[PDB]
Amino acid sequence: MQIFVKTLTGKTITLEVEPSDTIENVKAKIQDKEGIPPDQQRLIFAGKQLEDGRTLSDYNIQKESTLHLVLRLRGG
Ligand SMILES: [Zn+2]
Ligand SMILES: [Zn+2]
């Protein structure tokens, strides 16, 4: 099962996920691929910012769904 994650630069990465993966889990897969710490990541789906403890299934995120990755300003 695959989802796409688009960054502000237009670049897209593909993650292998499961319906019961938490948002925490997705951030960890993004850290593995891109080396960005989870606390710097905000994930958005359907215009809504996803919360760490909820699952992809909670949010009706399906195969081939696209999430948007917004980075926190390092140092705020
Ligand atoms: Zn998983
Ligand atoms: Zn398809």
Side-chain angles (χ1 to χ4, degrees):
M1 177 187 310
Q2 215 172 80
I3 57 168
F4 298 116
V5 180
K6 206 142 107 180
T7 72
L8 52 133
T9 61
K11 181 235 221 211
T12 295
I13 65 150
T14 301
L15 295 179
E16 262 288 318
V17 299
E18 300 204 281
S20 309
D21 267 329
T22 62
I23 301 306
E24 228 196 329
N25 287 180
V26 176
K27 291 180 169 165
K29 294 174 187 303
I30 290 166
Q31 189 190 18
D32 280 352
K33 284 224 172 193
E34 300 289 333
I36 300 157
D39 66 1
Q40 307 191 12
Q41 301 181 28
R42 300 291 181 270
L43 286 172
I44 295 317
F45 175 65
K48 163 222 268 167
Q49 186 179 318
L50 310 180
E51 291 180 295
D52 275 359
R54 293 183 66 182
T55 65
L56 293 185
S57 172
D58 286 338
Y59 288 119
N60 194 34
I61 292 168
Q62 302 307 332
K63 134 184 206 92
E64 294 164 5
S65 283
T66 304
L67 313 186
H68 295 267
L69 174 61
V70 174
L71 268 10
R72 254 267 312 179
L73 262 32
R74 192 147 182 144

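Residues take their numbers from the sequence shown, with the count starting at 1.
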Seminar exercise, completed: side-chain contact (heavy atoms from CB on, under 4.5 Å) filter on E16, not counting sequence neighbours, yields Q2
Problem set entry | Results of side-chain hydrogen bond (donor to acceptor under 3.5 Å, both in side chains) for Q62 - residues two or more places apart only | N60
Review item, side-chain donor-acceptor pairs of residues 66-76, under 3.5 Å, at least two apart:
none

For this session: Please round to the nearest 0.5 Å and tell me the distance separating atom CG of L50 and atom CZ of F45.
Result: 8.0 Å
Exercise. Residues in side-chain hydrogen bond (donor to acceptor under 3.5 Å, both in side chains) with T7, at least two apart?
Worked result: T9
Exercise. Are any side-chain N or O atoms of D32 and backbone N or O atoms of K29, one a donor and one an acceptor, separated by less than 3.5 Å?
Worked result: no
For this session: Not counting sequence neighbours, list each pair that qualifies as a side chain to side chain donor-acceptor pair (under 3.5 Å) and has a residue in residues 33-51.
Result: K11-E34
Exercise. Can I44 be reached from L15 by stepping across I, L, V, M, F, W or Y side chains whose heavy atoms are under 4.5 Å apart?
Worked result: no
Which atom pairs, donor and acceptor, lie under 3.5 Å between side-chain atoms of residues 17-27 and protein residues at least two apart or in another chain?
| unit_1 | atom_1 | unit_2 | atom_2 | d |
| --- | --- | --- | --- | --- |
| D21 | OD2 | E18 | N | 2.8 |
| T22 | OG1 | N25 | N | 3.1 |
| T22 | OG1 | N25 | ND2 | 3.2 |
| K27 | NZ | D52 | OD1 | 2.6 |

For this session: Indicate if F4 and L56 have the same hydrophobic cluster label, given that clusters are the connected sets of ILVMFWY residues with side-chain heavy-atom separations under 4.5 angstrom.
Result: no
Problem set entry | Over all atoms of both residues, closest heavy-atom pair of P38 and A28 | CG-N, 4.5 Å
